[PDB]
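Working notes, beginning with the structure itself.
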Amino acid sequence: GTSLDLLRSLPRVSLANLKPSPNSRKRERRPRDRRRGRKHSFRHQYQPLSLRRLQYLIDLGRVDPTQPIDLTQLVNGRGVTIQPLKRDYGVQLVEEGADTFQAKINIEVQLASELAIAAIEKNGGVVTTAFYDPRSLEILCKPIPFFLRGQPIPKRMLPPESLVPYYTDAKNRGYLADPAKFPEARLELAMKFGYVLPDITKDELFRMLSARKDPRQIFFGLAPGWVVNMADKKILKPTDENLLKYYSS
Amino acid sequence: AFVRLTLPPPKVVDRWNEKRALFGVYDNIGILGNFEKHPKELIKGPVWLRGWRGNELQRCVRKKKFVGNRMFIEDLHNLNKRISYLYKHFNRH
Amino acid sequence: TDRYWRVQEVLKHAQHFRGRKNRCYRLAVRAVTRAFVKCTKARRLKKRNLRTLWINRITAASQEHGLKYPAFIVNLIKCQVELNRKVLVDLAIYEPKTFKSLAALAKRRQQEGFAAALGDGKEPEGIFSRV
Amino acid sequence: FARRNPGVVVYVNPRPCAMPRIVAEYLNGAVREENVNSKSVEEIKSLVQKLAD
Amino acid sequence: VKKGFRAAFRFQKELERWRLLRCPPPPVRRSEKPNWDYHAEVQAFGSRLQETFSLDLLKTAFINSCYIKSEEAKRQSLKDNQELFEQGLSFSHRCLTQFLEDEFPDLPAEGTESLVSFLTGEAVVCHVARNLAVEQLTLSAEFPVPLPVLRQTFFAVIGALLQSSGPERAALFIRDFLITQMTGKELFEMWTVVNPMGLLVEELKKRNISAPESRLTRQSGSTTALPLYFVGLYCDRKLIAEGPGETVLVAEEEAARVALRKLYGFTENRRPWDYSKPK
RNA sequence: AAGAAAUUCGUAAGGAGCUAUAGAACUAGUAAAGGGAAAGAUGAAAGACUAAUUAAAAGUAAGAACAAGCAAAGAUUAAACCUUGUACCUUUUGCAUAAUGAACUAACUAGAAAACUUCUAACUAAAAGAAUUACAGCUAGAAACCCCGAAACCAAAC
RNA sequence: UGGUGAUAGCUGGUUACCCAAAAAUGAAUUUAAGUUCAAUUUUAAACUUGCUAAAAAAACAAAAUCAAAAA
């Protein structure tokens, strides 16, 4: 660093010596003299994740491959930005990276492409779709604040009748999907590509990959209606029978 | 015009007084204090402009909101009339 | 805070003016500029007058000896004499004997020039007409 | 300059001064004053040579 | 009240300028004034003249009787310039006479004495010293330096110069600095001649030449209030000198003056004296 | 032009002001409702005779004028003579022998905003100290648009 | 008395220096003092021929419109 050596040779700097960078500040005109003298909401605003964008996160180790993909974890890693003021209502995927993302992992995304669904399943990944209420999703993205507010964990909402067919559809692999068709559906997709179907049971970590929360359950770890002792780093569970009726309701 | 016929007395100023010497200290409270306190929080002055800046109309409007109930009746009426002129100048010219 | 000295700048040039002009800045400033401009215009015209004065003095000196100014100049030109008009005035004033010699030289060339013109160049060039 | 012109007496007086200044005195009694405020070496050298001539 | 100290300071300078113009200060010698070093100035003075001077001798030449009295008075509560003064004045008289004789052998011995006295005149010596800053270098008890005291030093410096540089350089110095003062000076201006007609006749009889017969060469405006008369001195019927005059007497007197210049070889067209010679 | 909310979020003596035409109208609301001024200056001591300070505004005096002339310029030995020259601002048109305005002195007396862009930098598939944008973007800084003046109109007192 | 620094496409005024560049055509507008459209000017960027000139050839009838090569 020859620049540093020049500083030693140069005289000690003072407050007055400081000077603004060249061209940083423009000149101004003032009237001192003659110079200035004389004279749509209903449609969900899906926020997608590109397959190429998905690929680098796994390759860079930003998201642990062993841990199932969680949208909250992506927010924790600053992978995606969700603004409640924007009233983002959904999540999607982008066709970009279809040719550059060869990997298998369990994941849940609100909306997924049918071609993408089978391709990751062909690789061995597990993909499903869940419905998060836009207000609930904002709560999900920021779980700590409502604990600060003191609010208790509410039951996850269900899709409106317009979106019920999508989630209930077996091919869409939604949480409302019929399990009976899943073994047949998995078989059908394998034939379409022709790849040899790997049964989810064969995987050693099958239970971890296939683990899913209840439709009313917002969080994998936390059941609906739960409370968290944030100050004491503990979880509080309601013990009132009437409260169970509220959760059932 | 005409000018003074007497010279003013000489004056000496100390540039290393505590105020000048300690000017700017703790200005890095946020970065050096874990950002618990923002430097904007260190501003002391009129309530309506602590940590906030705006044009003359915005400053006047904010001033009215902050101390409107605690302002004098005569001052409030004068402020209302003054706001009208400021609003028209900026928003119509 | 220097407005007084700005007026002094106009006043110092206007100290020698007469009337309310010398004491009124409104008029003093106008007079000062007018005075300066007048000198600027005269500079170019000043040189022309000096040449006119020199030529006029030469003619009187030549006429004193009986020689016209145009005739004297032409004959000197024919002799490849390049003395300037200013020097010519000095020679007459301070070297009257030399001026007569110059007068005699010009007249002799004029006589030779008239003979040469009448001769049409057939005759040999004169001694004073030889180059 | 001093070696070149030893017939001129040169006084150099570093002192607390707002503006540096040069004073030239001539045999006939003429004295000329020139302010040296914020002038480079090259400019100063040219000015001194003019004063000497 | 206008604020600021610069404006107040500026006006104080403005007041000082007006006061100085109204009441200019009395003169003071440069020795008393600041930035004066006698030793340094003398060394520069000698180098400035491109001449070699003995520092001790030059200081003695500058030393004057009046200066010693002031120092002695202070001492009560040293070599004068008289010895050097005599040498320079005496040497200058010989050198000045020698220069005059060579150029004007015809000029009479009486005229040379007048010319020598004029060149050694107090006014001429004083003027040279002041223009050379010698007055500041002169040592005296009074400023402005009295002229007779200043005149003494100048010849004393010449005496010191003679010892330091010899007659040859001093002779060149006299020619370079003193003989130059004769430029533009007419003969009668430097030498007073009364009764030119009688003097002209006296020279002619000495040369055994007939006295010229005055004649009126030209006449103009005789009866007017502005008459012009030209009178020519005719020796053996030959004109020797002619002069213009408002009256015949004036023309004759002027013609006599012209003849005297011709007699002593002081013609307006005479060969100029030469200062270029390094020898 | 007006303009919410839902939903999030919120503990706690000084002046890069004026200094007697400036700053409150003010030394003062003093000298029908109502309107509303002007001004003062010594020194430590006046139980030291009340201070000085300034070629300092215009105005005058000391010291009126001398054929010829936008008043000056070129000059010069010389103030005037000789030579040259159709007052100024604004406005007409790039023209006035048009037309407006000026007794003079001092003070006072009119250009103010960032939506976007360029420029100057920080960090960068990320950038901004919460609310913002993004397939090189994002953040910060700098960069801008006067004064006085009607006939009128209305409310409430007298 | 206050609203009130009313409003006025109108009248008038609006304070230091230097360098550089720089022209009252077509269309419309309660528009002809302004503004939009074309044209100009102007800055940045892309990359290559441009201006004057210009024969024959037509067009006309039996040095300009056009624009080969040049210079």
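Reconstructed Cβ throughout: ideal geometry from the backbone, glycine too, with neighbour counts over all protein chains shown. No lab work stands behind these numbers, since they all come straight from the coordinates.
Numbers at a glance
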quantity: Distant-in-sequence amide H partners of A:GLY125 (H built 1.01 Å from N, under 5 Å); calculated: A:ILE105
quantity: Bins of 5 Å from zero: percent of alpha-carbon pairs in chain A; calculated: 1, 5, 10, 13, 14, 12, 9, 6, 4, 4, 4, 4, 4, 4, 3, 2, 1, 0
quantity: Computed label-point distance, nm, for sites B:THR6 and D:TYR26 using a 7 Å Cα→Cβ extension; calculated: 4.6 nm
quantity: Per-residue [θ]222 nm for chain C (sum of -39500 (n - 2.57) over DSSP H runs n ≥ 4, rounded to 500); calculated: -25000 deg cm²/dmol
quantity: Listed residues C:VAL32, C:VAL81, C:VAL89, most fluctuating in chain C (Gaussian network, C-alpha, under 10 Å); calculated: C:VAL32
quantity: Cα-derived Rg over Rh, computed across segment A:79-219 with Rh taken as Kirkwood radius; calculated: 0.99
quantity: Diffusion coefficient, µm² s⁻¹, Stokes-Einstein with Kirkwood Rh over alpha-carbon pairs of segment A:145-210 at 37 °C and 0.692 mPa s; calculated: 221 µm²/s
quantity: Relative contact order [Cα under 8 Å, 6+ residues apart], chain B, whole percent; calculated: 15 percent
quantity: Net +/- balance of residues flanking A:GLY194 in space, Cβ distance below 15 Å, scoring K and R +1, D and E -1; calculated: +1
quantity: Percent antiparallel among DSSP beta bridges (both partners in chain A, rounded to 5); calculated: 25 percent
quantity: Calculated FRET efficiency for the pair E:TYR275/E:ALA7, C-beta based, R₀ 56 Å, to 0.05; calculated: 0.45
quantity: Label point distance in nm, E:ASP102-A:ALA180, each placed 7 Å from Cα along Cα→Cβ; calculated: 15.0 nm
quantity: Per-pair calculated FRET efficiency, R0 = 30 Å: E:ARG30 and D:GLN49 via Cβ, rounded to 0.05; calculated: 0.75
quantity: Rg over Rh, two decimals, segment A:112-184 (C-alpha only, Kirkwood Rh); calculated: 1.08
quantity: Beta bridges per DSSP with both ends in the protein assembly as shown, % antiparallel, nearest 5; calculated: 75 percent
quantity: Inverse of mean 1/r across different Cα pairs in segment C:1-53, Kirkwood, Å; calculated: 12.5 Å
quantity: Crossing angle, helix D:41-52 versus chain D [Cα axis fit, 0-90 degrees, rounded to tens]; calculated: 30 degrees
quantity: Estimated inter-spin distance, C:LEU118 and C:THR33, nm [label 7 Å along Cα→Cβ]; calculated: 6.8 nm
quantity: For segment C:29-69 versus segment E:210-263, the gap between their alpha-carbon centres in whole angstrom; calculated: 39 Å
quantity: Estimated FRET transfer efficiency when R0 is 35 angstrom, pair A:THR100-A:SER136 (beta carbons, to 0.05); calculated: 0.60
quantity: P(r) weight above 17 Å for chain D, C-alpha pairs, percent; calculated: 40 percent
quantity: Column: log10 I(q)/I(0), Debye, Cα scatterers of chain E, q = 0.11, 0.12, 0.15, 0.17 Å⁻¹; calculated: -0.81, -0.87, -1.08, -1.26
quantity: The protein assembly as shown: equivalent-ellipsoid semi-axes (sqrt of 5 x gyration tensor eigenvalues, Cα, Å); calculated: 116, 41, 33
quantity: Structure-based [θ]222 nm, chain E - -39500 (n - 2.57) summed over DSSP H runs of at least 4, per residue, nearest 500; calculated: -17500 deg cm²/dmol
quantity: Anisotropy class of segment E:81-209 from Cα gyration tensor, a/c 1.5 cut; calculated: prolate
quantity: Summed side-chain charge close to E:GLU252 - residues other than E:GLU252 whose Cβ falls under 14 Å, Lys, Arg +1, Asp, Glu -1; calculated: -2
quantity: Estimated vicinal HN-Hα couplings, Hz - segment D:4-10 in sequence order (Karplus 6.51, -1.76, 1.60; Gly, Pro = x); calculated: 5, 10, x, x, 10, 7, 10
quantity: Net charge of neighbours whose Cβ lies under 10 Å from the Cβ of A:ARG216, counting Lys and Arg as +1 and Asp and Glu as -1; calculated: +2
quantity: Over 23 Å between alpha carbons, listed pairs A:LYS233/B:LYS40; A:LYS86/B:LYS88; A:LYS104/A:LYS213; calculated: A:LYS233/B:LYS40; A:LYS86/B:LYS88
